[PDB]
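Heads up, what comes next is one protein chain in two forms, each shown on its own as structure tokens, labelled structure 1 and structure 2.
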Structure 1
């Protein structure tokens, strides 16, 4: 008899009808597949043969059923059981009058990529689809910190108080870029853009990446994302991307871990009965963002939750467990265009918890499913995890890395005071200031007419008119 164990060696099952069983069994079979093919001296070319593959996949499965293998998972028993009890008891809080609402969650150790526990859905016995590991959906606006703002900062094209355009603009096809139901507003800081999750600032950020020839794909593929096509205007908002919850948690793990990626995993080791090691996880840490970038983003994502603009989570949690709400939470929400998918990604320095909700057939949720329902549900979920394992979230604070550069900039331009040109009149650019955080060598530039990320000529004439106004 083979067994699957929790991280401490306690047996989960021998080779039983829930997500934990089938998820950890499936991964184990994949590792056994690669092991057996190699053992049998089957090449990459022979492995391409579909008949050969089907044989080796069946071999790997039977090999487990009849062998004496010991499969060590990363799963924490108390934590995972608590997460199942949370979804059983509180999952109904997801139901928003758009029918039954499905859900996936993955809890990940930021320093190892180990998956400590997860939620595959509302109830395996009623619907088996695995929403933590198997289903793939647009990650929506939780794309923005990774693909737009974080890369711009890392490249030194943007600092923490940089200004962006949120003025009306169209896609190349002539359609207005919409956010919720607004065609846009005016200039705004990166923090307001993030807190509100506006679309236009992210569009312009990604265009600025394209114009500077930035290798955005290299960033993403270092985190294990697969995106078929980078030439998409809405990439940074979630367009043209589709991810599992497990994979997306790993992107947020990378930001939370001061920029260092560890590859997600649920199997840590497989041994034969005699102790032969058939598989073992090999850590391959990668510095994906500079420590400066990651720690600047942490600061911004702290205020995404504190501001409470797109999620009630911090209020929900404060009431359930005020001492846990005082841990150093950061996070980002996402909402797709017709309210089909909602995300909330949460981190403390120690753990990252990813969350998605939506419908299996992709029909819309209610306008508030992510702001309120998923926020309140994930608050219960985080409380349940904490109660089951009181120290697991930790009391450490995220903190700016010493390598961060701090510049004094104009609140209005996000750039250092100095002379600028406003047709004719060369002007002394005065007024109240603020510290902006950068991830380059020299920090913020001198103020310059086109001070913002994006903007049309109209936009800048208006902006500078308002500015000059004082």
Structure 2
């Protein structure tokens, strides 16, 4: 008889010939066994591409585990995962709104190891077996923005923490206006406002700039396990052309939280043969995906995404349920797809990341505040439930700017050092309030240029610069 265990060695079940925990851990055990048998049999790369061969090797892995005498060690923490099960059972109903039963997926990951400590597969496996933590793929919407746009622009030294971006009206190449909610745009805006409010236009110019600088955006995303088939898409940074599991996407956030270092997500740490020989064991392959300056600058922006409360009530929800816990150093980001079909809230302290999705299995609209309110309230309860079952697991550490970060005094108005600039004839002495801007390059921000923001048409600049000029 084979057995699957929790991280401490406690048997989950034995395998032979009714919850997520079983089928998820079994499924991944079987994946690891498949790689092992394919390697053991020296099956070539090209054979493994053949579908009849996959079927055979999948069936062999299943049988091997039924018939072998394997001990399979998972990353799962029995008390935590258990408390998450109870949390979804007790508080799942918070997610229901006008729109039918709202399904849900959550993944609690260790930021230092990528191990998964526990998860919510859905509202109630007995009613609905689909696994919303591991199998469901949905656009991550604006939770894309920190990873693929802003993070990468900072890492490449093309922007800093208080850099300015255009949220002026602009159209996609088809002539349609880029929209956010029901707004065509406003004007210039700091990266912090862009992120707190989740505006779309800033993210659109950010990606566009990366593309014009020839930046290897695919390299970044692939080092995190992301598979995006087409990068040549205007709305990519807003979630367009991307679909991900909660498990994979929680790994993107783990990378930001873990100071820019990726660790591959996993639920199985080891498989042992009857005799004791290691058939599979998880090997740490940390990767510095974003520089420490970049990750830690982003941690600071993401802390404010939550404390500003603009697109999620979370910090308020949690404060009411557990004010001590609410004082941990939470950072995060919300997502909402275009018709409110899917909501995401990703949360991290320095120790842990908690990814969260909700939506309907057949992809129809949630209520309008499903993500802003319902999901945030639910997650605050989940997060409390994890705390009760494992009271120091969240930790009390703060995120903190790496020493390699560079600090620049810049004009609040331009995101850039004070300077002479040419404004149509007349050269101006650009003056006004300064802020500390954080950069992940060598030299900090540049001097103020005419084209000071990320994005913006001529007209936009004319407009922005006349108010700047207006207040000197």
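Take the two forms, find the largest set of C-alpha atoms that superpose within 1.5 Å, and that set is the rigid core. Numbering follows the first chain given and starts at 1.
Asks: In a fit on the core, which one among 421, 403, 41, 432 has a Cα that moves 2 Å or more between structures 1 and 2?
Replies: That would be 41.
Asks: I need the CA movement of residue 31 between structures 1 and 2 once the rigid core is aligned, reported in Å.
Replies: After core superposition, the C-alpha of residue 31 moves 1.2 Å between structures 1 and 2.
Asks: Please give the CA displacement of residue 444 between structures 1 and 2, in Å, after core superposition.
Replies: Residue 444 is displaced by 0.3 Å at its C-alpha.
Asks: By how many angstrom is the CA atom of residue 51 displaced between structures 1 and 2 after fitting on the core?
Replies: Comparing the two forms, residue 51 shifts 2.6 Å at C-alpha.
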